[PDB]
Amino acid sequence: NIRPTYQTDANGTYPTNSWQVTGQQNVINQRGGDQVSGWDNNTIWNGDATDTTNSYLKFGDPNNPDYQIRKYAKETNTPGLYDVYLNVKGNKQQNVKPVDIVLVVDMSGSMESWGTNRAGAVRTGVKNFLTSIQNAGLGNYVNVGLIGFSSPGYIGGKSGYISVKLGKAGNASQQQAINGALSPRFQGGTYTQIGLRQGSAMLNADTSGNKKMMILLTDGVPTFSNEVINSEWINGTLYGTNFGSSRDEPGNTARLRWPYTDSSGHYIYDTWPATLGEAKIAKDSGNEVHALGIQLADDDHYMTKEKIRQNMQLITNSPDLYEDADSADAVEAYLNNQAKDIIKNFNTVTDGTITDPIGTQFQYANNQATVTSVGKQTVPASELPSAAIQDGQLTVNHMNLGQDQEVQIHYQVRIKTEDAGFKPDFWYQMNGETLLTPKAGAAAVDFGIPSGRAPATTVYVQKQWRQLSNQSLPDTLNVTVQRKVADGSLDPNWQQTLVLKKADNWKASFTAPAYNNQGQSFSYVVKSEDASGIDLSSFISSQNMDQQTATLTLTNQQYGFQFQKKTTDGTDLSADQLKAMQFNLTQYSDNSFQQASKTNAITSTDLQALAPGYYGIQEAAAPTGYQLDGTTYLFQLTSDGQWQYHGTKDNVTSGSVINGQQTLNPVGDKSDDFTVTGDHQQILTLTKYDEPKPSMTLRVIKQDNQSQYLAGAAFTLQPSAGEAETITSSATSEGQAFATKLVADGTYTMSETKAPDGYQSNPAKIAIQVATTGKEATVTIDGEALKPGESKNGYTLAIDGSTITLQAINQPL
């Protein structure tokens, strides 16, 4: 009926009948209840640990339960860290067998000499003892009787004792009688034997099965006893076992004036064998004997108070059921503690235990389990249970709880979010089966187990591509996310694989616990080795975890090399000239630049992706019409993306950092350069200069039929590549040059466009193939060979080093 039940569903395992701590969402607790109405209706309250009314499971009478228990948890200000509280309230048992007490009070005169009101102490002690039991509501559970003793002739006439029959300590008339009987002035001898005998006889009258207890209050020296007939030695003390109706009556001392030998052949010289003997008969019959020695004094010259104490310790069932009282207050105190001991005997919780194993998904935050009284009636620290955490279990031992007594145990647990298989937004039980055993042999009852959970948080993973301008990206890239746990170590079991997509702006997300085993933010790291769409060798990766945006960014920075070709003479290079031109990029195994590992061609229009490594760049062939500078410039891309200049193959250096610009070897008037290029200094640009090869000039001299320099004849030069140019002849020996220089390998054709007014036109096509060296040239007139010094179709060829001279003779109309 109030055995807690749990649901298991997608949300985890939690109490079917639950309540929430006001303003907390990640703890859930078991509602209270009773055996009549079942579960209480109280589904949310503040969780204040000082509360002693809410969400208790109540056993027995709902209106006055035997015990009530409560287990609940509450989140602290540290995420994942929970306070757990166990409360147990006890009671006095009901409808169980009463206790039978006989007070046996030495009412001898001896007890009215220190100047101490011993009689007065006993009377108030006994009046209080009785009202204490009534005040505790055990009036009907405790039968009290009285045997007061003196000597025959002083109290009870010949008997030497008075009695009040057993009756309820709660009954007004029974209190009148016991207090009445003690009210007289104490007077007479000390017939301790008759007190014990008659106390025992009163406890043994009714065959009740009740607990039978006797409390002897005396100053300790019996002066009257029955004749010992038989006796035994037991543990070095003589005990009478059989008594005569005749009495030993020393009167003012234990010592007999006339010692005798009994029928057991033992020497009887004092009242102790009879007194101890009667105590033994009473205990052997089942009676519990408590005794108080009140201000014990030496017995005249016969026996020290120390030996008297040792004899009184043999009267009780064990020596610790004997106490001394030094004073009147100590008498009242002893009787008040005996009243407390009888009340405690009715506890619903008596050496109760709690077993509370921690839940799988939780660990103790520390090994402190703290114990506190919190009932209207204090549990003294000597009665508080002990609580210890050992090997995954909280244990509470020695719980003693009566009416209005309650204890609270406090401990703390943390949810383990780092365990493999941990689910966020999922209820985990903080405890295994949690049991109170109220007393030895009783059936255990179940505390309600609370559940905890850790919220999910979304973590974003962003790839920042910084590829070269000429680099295509794959559509997708596989990244693996890993985490550092609370200890700061890389979680070797946890990984999360993500597929980042071009379509999705390279951003994906995963779900995870918002906090680690210490309630702090997880530290994420991310790697890719996904080279299925792109070689990652040319990329240097950085990563950052921004906690504020919950974004792990992986930055892929690509590095490259390129070159630009220039001419010392300032001419632009044509598509056709760049075709002839060949640059090689060589990778080297190490910083000695000796063993080429790899080589590949590279063009002025390439931007080649480079991995960190050692490289060289060399012109293998110049652009058509330029000189080969075969210098090999040596450089390095370091692992951190720095550029270093390592000199030439002729002159290898240990490397200098390229800071923006590095000047290299001079080419004529200009200098080759390295520059660092790109928004992230990711490109090394070689500027390479080329010196031109020697060029050739074409001159025309015009003349008459009559050998006289003829002016205003227009000739045109047509490059096989480039614009036509037209010169008009001069009436001078020097003649006229074309402006167009005839560069190496170039193919040219010249013809007379306009003839001079008065002379006929010459339609001959003159072909000039300038050699690769740019120093010599082959000339054909009309597709036929024309050597220097010879003439054809009006033209004479003279070649003077780099100057070609065509002498054209003109014929009249």
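Heads up: residue numbers just count along the shown sequence, starting at 1.
According to the entry, the stretch of the deposited sequence that connects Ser532 to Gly533 contains no residue lacking coordinates, so the chain runs unbroken between them. Relative to one another, 717 to 725 and 292 to 300 have unequal mean CA B-factors, and 717 to 725 is the one with the higher figure. Judged by mean Cα B factor in the deposited record, 201 to 209 ranks above the other of 153 to 161 and 201 to 209. When the C-alpha B-factors of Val27, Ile768, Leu57, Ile44 are read from the PDB record, the largest value belongs to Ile768. The PDB entry gives the largest Cα B-factor of the residues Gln736, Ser656, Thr553, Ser108 to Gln736. Residue-level temperature factors show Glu112 in the highest third of its chain, judged at the C-alpha atom. Annotation for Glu619: C-alpha temperature factor in the middle third relative to the rest of the modelled chain, per the entry. In the deposited entry, the Cα temperature factor of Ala764 sits in the top third of values across the chain's modelled residues. Among the modelled residues of the chain, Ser37 sits in the middle third by CA temperature factor in this PDB entry. Among the modelled residues of its chain, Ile415 has a C-alpha B-factor that falls in the lowest third according to the deposited record.
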